[PDB]
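A.B. asks: I'd like to ask you about the structure that follows.
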Amino acid sequence: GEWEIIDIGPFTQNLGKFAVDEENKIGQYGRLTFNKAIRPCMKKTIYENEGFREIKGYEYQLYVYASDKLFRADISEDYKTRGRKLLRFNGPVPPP
C-alpha cells in the first residue's frame, strides 16, 4: 500500500467524529465526547495485491481527542461505495 499525510480539515474531523460515534456503540470505554482530530493524519491506499495494484479502499489513521483524552483510531473506507468502518480504537496514547 501507499501512504500519504492528510491535514485536519472538516473531512478529517468527520472521520474523528465517526470513530468516536462508533466506539460509543461498543461501550468498552466510558462514553466519549468527541473534541477534535489532530495532526498527523495518515491515509493508506489498500491494494487487493501488488501484482495488479487494484485499489480496494483506504485506511485512515487518526489521532483524536475525546473527553479530553487522546486516542488512536483506524478507519477503513471501501473504494467502490466509500462506506466506512471503525477498525481499531486504542489509548489513551501519548501526544505525537
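A.B. asks: After finding the eigenvalues of the alpha carbon gyration tensor for the chain, what semi-axes result from the square roots of 5 times each, listed largest first in whole Å?
C.D. replies: Details: eigenvalues 122, 40, 25 Å².
After diagonalising the Cα gyration tensor, the semi-axes are 25, 14, 11 Å.
A.B. asks: What is the local net charge at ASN90, summed over the other residues whose Cβ is closer than 14 Å to its Cβ (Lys, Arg +1; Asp, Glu -1)? Working shown, then result.
C.D. replies: Values: positive: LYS69, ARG72, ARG88; negative: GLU22, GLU23, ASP74.
Taking every other residue near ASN90 into account, the sum is 0.
A.B. asks: With charges only on Cβ, +1 for K and R and -1 for D and E, what is the dipole size of the chain about its Cα centre, in debye, rounded to 20?
C.D. replies: Working: 16 positive and 14 negative charges, 62 e Å.
Around 300 debye, computed over the chain.
A.B. asks: Using only Cα atoms, tell me the angle between helix 10-26 and the longest principal axis of the chain; keep it within 0 to 90° and round to the nearest 10.
C.D. replies: 70
A.B. asks: Here's another thing I want to ask about it. List the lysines whose alpha-carbon lies under 17 Å from that of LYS43, not counting same-chain residues fewer than 8 positions away?
C.D. replies: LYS17, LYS56, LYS80, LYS85
A.B. asks: Just to be sure I follow the definition: excluding the sites themselves, where is the longest run in the chain that has none of the GluC sites (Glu not before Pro) in a DSSP loop with at most 12 other Cβ atoms within 10 Å? Mind dumping the intermediate values first?
C.D. replies: Numbers: sites that count: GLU48, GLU50, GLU54.
My reading of the result: 1-47 is the longest stretch.
A.B. asks: Here's a follow-up. I need the chymotrypsin sites (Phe, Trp or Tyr not before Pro) found in the stretch 64-95, filtered to DSSP loop residues with at most 15 other beta carbons within 10 Å of theirs. All intermediate terms of the calculation are to be shown ahead of the outcome.
C.D. replies: Values: sites: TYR65, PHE71, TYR79, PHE89; in loops: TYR79.
Loop-located and lightly packed - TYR79.
All Cβ positions, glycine included, derive from the backbone under ideal geometry; neighbour counts span all protein chains shown. Any read-out appearing in this document is the output of simple, stated calculations on the displayed coordinates, not a laboratory observation.
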